[PDB]
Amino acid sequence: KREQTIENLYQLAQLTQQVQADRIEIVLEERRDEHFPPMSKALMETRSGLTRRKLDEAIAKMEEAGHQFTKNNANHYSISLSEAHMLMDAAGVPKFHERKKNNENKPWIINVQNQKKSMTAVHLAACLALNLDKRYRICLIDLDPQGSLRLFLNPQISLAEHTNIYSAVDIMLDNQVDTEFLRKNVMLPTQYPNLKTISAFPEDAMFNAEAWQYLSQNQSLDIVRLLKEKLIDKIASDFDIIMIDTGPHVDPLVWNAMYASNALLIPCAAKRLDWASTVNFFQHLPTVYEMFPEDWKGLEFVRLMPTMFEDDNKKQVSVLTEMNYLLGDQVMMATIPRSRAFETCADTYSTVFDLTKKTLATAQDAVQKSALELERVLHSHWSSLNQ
């Protein structure tokens, strides 16, 4: 019955290909729109690299203008994220971008690749976005259609007053598209004044279909140029960093992400399972690239991190120091632990920077030093990349 079943299939293809899917409605039906825990002026000091005197002066200037700061039950300052950014601009420090010896840069395009909880790229975006001396313009793009990565960091929906919401692949396969268009309709603001977001929707699955059947008509290899030529290039003006999050699969989606991407970052854990998948990955991961039209700009760096670490199991060391001595540098000294706190983030769709003893500090100190450590490398290669 080969024929008859196809016929029922299109019958359901076109019967159902008219039912439903109000997207603004469900993003709106998810707004967990809560915001950030205000800083202490000790914490604002740490995150800013401002002296209490330069900071207090910045306050006083903002207060001698209209501004009124909220205050404690102990009448202690409670500075918001917005307040902290403006405090910077009041202290007369200019954004990372601003310091002009780096203002002709090209933007980092880090392609994170979760090999199995796909929530480390979001901690990076928040820690890098949560460094107020620099105040990077970042962008965290979700590319896994099975991604909750806009449940974390829910965009300011900013209302039903939003036409439509597009994902990356909605701008690859589309719907005239310009950076004015992408700002107004596909990149959304998120609770971190300087971290914007680009969500994905399980519909984004279509892509692969059209890819794997858009090669029948071609052993071509112009299908990996779509996200660069259609979207990333059209938003590299406004951004210092870009992170494209893909999780585990082979794909023309993650393919479409590697070609536009000029560095790789591979979160993994002590586990031999994710470890083992990953070396299969690498073994499969040269042709992987060889394939896109030679105009591919190579990679700058590529590195991996240890995620979810037990530094009490003699057993997990017995894979991470295989990693250490297997790979030395090109791994990260920052072993993020397991942490009750990290995992109620996965429960509650927050990041450790959203909540108010016994993980908090080492949860965030873990991420913050892994983001500091991440941070060195990017500066190391920004020169070469910039070429």
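Throughout, we count residues from 1 along the sequence that is shown.
- The stretch of deposited sequence separating residue 356 from residue 357 contains 4 to 9 residues lacking coordinates in this entry.
- In the deposited entry, the stretch joining residue 175 to residue 176 is interrupted by 4 to 9 residues of the deposited sequence lacking coordinates.
- The stretch 103-111 shows the higher mean C-alpha B-factor when 125-133 is compared against 103-111 in the entry.
- Looking at 215-223 and 258-266 together, the entry lists the larger mean B-factor for 215-223, computed on C-alpha atoms.
- In the PDB entry, the Cα temperature factor peaks, among 377, 12, 363, 371, at 12.
- Across the residues 322, 63, 45, 56, the deposited record lists the maximum Cα B factor for 322.
- The entry lists a Cα temperature factor for residue 145 that places it in the lowest third of the chain's modelled residues.
- Per the PDB record, residue ranking by Cα B-factor puts residue 26 in the highest third of the chain.
- Residue 239: CA B factor in the lowest third of modelled residues in this chain (values from the PDB entry).
- When the modelled residues of the chain are ordered by their C-alpha B factor, residue 327 lands in the highest third.
- Among the modelled residues of its chain, residue 194 has a C-alpha B-factor that falls in the lowest third according to the deposited record.
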